[PDB]
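Here is the structure we will look at, set down as structure tokens.
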Amino acid sequence: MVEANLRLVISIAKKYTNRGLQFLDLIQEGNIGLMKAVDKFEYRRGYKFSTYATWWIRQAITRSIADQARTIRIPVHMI
DNA sequence: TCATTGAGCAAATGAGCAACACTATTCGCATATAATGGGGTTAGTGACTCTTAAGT
């Protein structure tokens with residue numbers, strides 16, 4: 001299930017490119033979020049995979065670029 | 001008899017600790033229609049040397 005939606009990870013992380021982080025770091029952290037979405041996925045709500053996986057991939061990419069992008073790190077609640 | 005030396009002492013202030021109670025920070029977790037392969041250089045170098053590789 002994980003190695004069939006990596007194209008979804010590169011499709012999400014295509015837009016977060018020039019935000020202070022490398023392109024390969026983004027899709028790596030998106031893969032971490034994709035694994036966390038695979039482990040907690042429920043099929044009985046009719047949705048296929050993508051509407052549940054997109055939120056977790058976007059969350060992992062945003063929490064990656066909110067912390068590991070600057071030296072003087074501001075937490076996400078303060079920013 | 002009194003100034004001088006040797007020793008100490010109560011007290012005031014500066015530093016700090018120990019345990020406890022309130023509170024502002026910080027981090028783990030969740031978002032359910034569908035979303036399914038990227039930008040970005042270097043472009044009018046010169047000369048020389050070392051290694052690898054096809055050609056003889």
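Labels for the structure tokens follow display order: chains A, B, ..., residues from 1 in each chain, ligands from 1.
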
Would you give me, as an mmCIF file with N, CA, C and O atoms (P, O5', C5', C4', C3', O3' and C1' of nucleotides), in the first residue's frame, the residues of chain B that come within 12 Å of chain A, using only C-alpha atoms (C1' of nucleotides)?
data_model
loop_
_atom_site.group_PDB
_atom_site.id
_atom_site.type_symbol
_atom_site.label_atom_id
_atom_site.label_comp_id
_atom_site.auth_asym_id
_atom_site.auth_seq_id
_atom_site.Cartn_x
_atom_site.Cartn_y
_atom_site.Cartn_z
ATOM 1 P P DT B 25 4.383 32.924 27.291
ATOM 2 O "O5'" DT B 25 5.293 31.716 26.767
ATOM 3 C "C5'" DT B 25 4.772 30.396 26.767
ATOM 4 C "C4'" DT B 25 5.881 29.372 26.643
ATOM 5 C "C3'" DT B 25 6.088 28.833 25.242
ATOM 6 O "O3'" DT B 25 7.380 28.256 25.146
ATOM 7 C "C1'" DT B 25 5.070 27.174 26.571
ATOM 8 P P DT B 26 8.059 27.989 23.715
ATOM 9 O "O5'" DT B 26 7.866 26.418 23.497
ATOM 10 C "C5'" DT B 26 7.974 25.540 24.611
ATOM 11 C "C4'" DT B 26 7.631 24.104 24.240
ATOM 12 C "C3'" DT B 26 7.556 23.797 22.741
ATOM 13 O "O3'" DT B 26 8.003 22.466 22.533
ATOM 14 C "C1'" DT B 26 5.522 23.252 23.730
ATOM 15 P P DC B 27 8.591 21.984 21.118
ATOM 16 O "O5'" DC B 27 8.105 20.464 21.025
ATOM 17 C "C5'" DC B 27 8.008 19.688 22.217
ATOM 18 C "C4'" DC B 27 6.859 18.693 22.144
ATOM 19 C "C3'" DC B 27 6.595 18.076 20.765
ATOM 20 O "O3'" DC B 27 6.295 16.699 20.914
ATOM 21 C "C1'" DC B 27 4.623 19.022 21.580
ATOM 22 P P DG B 28 6.666 15.642 19.763
ATOM 23 O "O5'" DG B 28 5.410 14.652 19.752
ATOM 24 C "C5'" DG B 28 5.038 13.970 20.944
ATOM 25 C "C4'" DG B 28 3.575 13.548 20.912
ATOM 26 C "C3'" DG B 28 3.105 12.896 19.613
ATOM 27 O "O3'" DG B 28 2.277 11.772 19.909
ATOM 28 C "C1'" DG B 28 1.774 14.810 20.077
ATOM 29 P P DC B 29 1.770 10.797 18.736
ATOM 30 O "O5'" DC B 29 0.343 11.398 18.333
ATOM 31 C "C5'" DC B 29 -0.626 11.638 19.345
ATOM 32 C "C4'" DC B 29 -1.875 12.285 18.773
ATOM 33 C "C3'" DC B 29 -2.278 11.805 17.372
ATOM 34 O "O3'" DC B 29 -3.665 11.478 17.355
ATOM 35 C "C1'" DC B 29 -2.227 14.161 17.455
ATOM 36 P P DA B 30 -4.267 10.461 16.264
ATOM 37 O "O5'" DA B 30 -5.544 11.237 15.698
ATOM 38 C "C5'" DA B 30 -5.655 12.637 15.913
ATOM 39 C "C4'" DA B 30 -6.808 13.229 15.128
ATOM 40 C "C3'" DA B 30 -6.955 12.698 13.714
ATOM 41 O "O3'" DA B 30 -8.276 12.941 13.241
ATOM 42 C "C1'" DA B 30 -6.141 14.906 13.625
ATOM 43 P P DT B 31 -8.908 12.039 12.069
ATOM 44 O "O5'" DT B 31 -9.504 13.122 11.053
ATOM 45 C "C5'" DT B 31 -8.690 14.213 10.639
ATOM 46 C "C4'" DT B 31 -9.530 15.428 10.299
ATOM 47 C "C3'" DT B 31 -9.825 15.598 8.821
ATOM 48 O "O3'" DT B 31 -10.960 16.440 8.643
ATOM 49 C "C1'" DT B 31 -8.273 17.237 9.496
ATOM 50 P P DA B 32 -12.421 15.806 8.420
ATOM 51 O "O5'" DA B 32 -12.238 14.845 7.155
ATOM 52 C "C5'" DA B 32 -12.024 15.404 5.855
ATOM 53 C "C4'" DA B 32 -12.024 14.317 4.797
ATOM 54 C "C3'" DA B 32 -13.410 13.809 4.411
ATOM 55 O "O3'" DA B 32 -13.477 13.569 3.012
ATOM 56 C "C1'" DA B 32 -12.101 12.013 5.211
ATOM 57 P P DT B 33 -14.510 14.396 2.101
ATOM 58 O "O5'" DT B 33 -15.262 13.268 1.252
ATOM 59 C "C5'" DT B 33 -16.370 13.618 0.428
ATOM 60 C "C4'" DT B 33 -16.231 13.032 -0.970
ATOM 61 C "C3'" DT B 33 -14.859 12.469 -1.305
ATOM 62 O "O3'" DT B 33 -14.974 11.510 -2.351
ATOM 63 C "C1'" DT B 33 -15.222 14.430 -2.563
ATOM 64 P P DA B 34 -13.762 10.505 -2.681
ATOM 65 O "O5'" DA B 34 -12.832 11.333 -3.685
ATOM 66 C "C5'" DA B 34 -13.353 11.778 -4.930
ATOM 67 C "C4'" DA B 34 -12.257 12.344 -5.823
ATOM 68 C "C3'" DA B 34 -10.840 11.858 -5.518
ATOM 69 O "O3'" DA B 34 -10.145 11.592 -6.734
ATOM 70 C "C1'" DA B 34 -10.926 14.225 -5.377
ATOM 71 P P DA B 35 -8.689 10.909 -6.707
ATOM 72 O "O5'" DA B 35 -7.682 12.147 -6.798
ATOM 73 C "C5'" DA B 35 -7.882 13.148 -7.786
ATOM 74 C "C4'" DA B 35 -6.940 14.319 -7.571
ATOM 75 C "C3'" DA B 35 -5.479 13.936 -7.308
ATOM 76 O "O3'" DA B 35 -4.624 14.693 -8.159
ATOM 77 C "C1'" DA B 35 -6.263 15.425 -5.639
ATOM 78 P P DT B 36 -4.062 14.054 -9.523
ATOM 79 O "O5'" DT B 36 -3.008 12.953 -9.042
ATOM 80 C "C5'" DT B 36 -1.762 13.363 -8.493
ATOM 81 C "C4'" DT B 36 -0.747 12.235 -8.551
ATOM 82 C "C3'" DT B 36 -0.623 11.557 -9.918
ATOM 83 O "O3'" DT B 36 0.744 11.433 -10.276
ATOM 84 C "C1'" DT B 36 -1.023 9.943 -8.223
ATOM 85 P P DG B 37 1.332 12.305 -11.491
ATOM 86 O "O5'" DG B 37 2.713 12.870 -10.918
ATOM 87 C "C5'" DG B 37 3.793 11.982 -10.681
ATOM 88 C "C4'" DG B 37 5.114 12.724 -10.714
ATOM 89 C "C3'" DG B 37 5.323 13.589 -11.941
ATOM 90 O "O3'" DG B 37 6.273 14.601 -11.654
ATOM 91 C "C1'" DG B 37 6.708 11.660 -12.060
ATOM 92 P P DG B 38 6.067 16.086 -12.231
ATOM 93 O "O5'" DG B 38 6.709 17.009 -11.097
ATOM 94 C "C5'" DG B 38 8.062 16.826 -10.724
ATOM 95 C "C4'" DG B 38 8.621 18.096 -10.118
ATOM 96 C "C3'" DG B 38 8.645 19.287 -11.052
ATOM 97 O "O3'" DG B 38 8.926 20.450 -10.300
ATOM 98 C "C1'" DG B 38 10.798 18.339 -10.911
ATOM 99 P P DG B 39 8.586 21.911 -10.873
ATOM 100 O "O5'" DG B 39 9.936 22.348 -11.607
ATOM 101 C "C5'" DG B 39 10.251 23.720 -11.756
ATOM 102 C "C4'" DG B 39 11.536 24.036 -11.019
ATOM 103 C "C3'" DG B 39 12.421 25.065 -11.689
ATOM 104 O "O3'" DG B 39 13.411 25.505 -10.771
ATOM 105 C "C1'" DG B 39 13.299 22.912 -12.057
#

Item to check | Residue set, chain A restricted to helix (DSSP H, G or I), as a ChimeraX atom specification | outcome: /A:2-4,6-12,23-39,43-45,50-65

Which residues, written as a PDB file with C-alpha atoms, in the first residue's frame, have at least one atom at most 12 Å from residue A:20, with only C-alpha atoms (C1' of nucleotides) counted and residues fewer than 3 positions away on the same chain left out?
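Output file part20.pdb follows:
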ATOM      1  CA  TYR A  16       6.273  23.388  -1.123  1.00  0.00           C
ATOM      2  CA  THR A  17       9.596  23.465  -2.990  1.00  0.00           C
ATOM      3  CA  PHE A  23      12.935  19.022  -2.682  1.00  0.00           C
ATOM      4  CA  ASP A  25      13.646  16.308   2.119  1.00  0.00           C
ATOM      5  CA  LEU A  26      10.009  17.234   1.375  1.00  0.00           C
ATOM      6  CA  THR A  62       4.206  21.531   6.898  1.00  0.00           C
ATOM      7  CA  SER A  64       8.911  19.625   8.419  1.00  0.00           C
ATOM      8  CA  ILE A  65       9.225  23.120   6.924  1.00  0.00           C
ATOM      9  CA  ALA A  66       8.046  24.844  10.109  1.00  0.00           C
ATOM     10  CA  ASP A  67      10.915  23.421  12.194  1.00  0.00           C
ATOM     11  CA  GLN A  68      13.903  22.338  10.077  1.00  0.00           C
ATOM     12  CA  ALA A  69      14.011  25.362   7.743  1.00  0.00           C
ATOM     13  CA  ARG A  70      15.576  28.093   9.909  1.00  0.00           C
ATOM     14  CA  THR A  71      18.371  28.325  12.455  1.00  0.00           C
TER      15      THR A  71
END

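Comparing the minimum interatomic distances between residue A:15 and each of A:2, A:58, A:44, A:33, counting only C-alpha atoms, we find that A:58 sits nearest.
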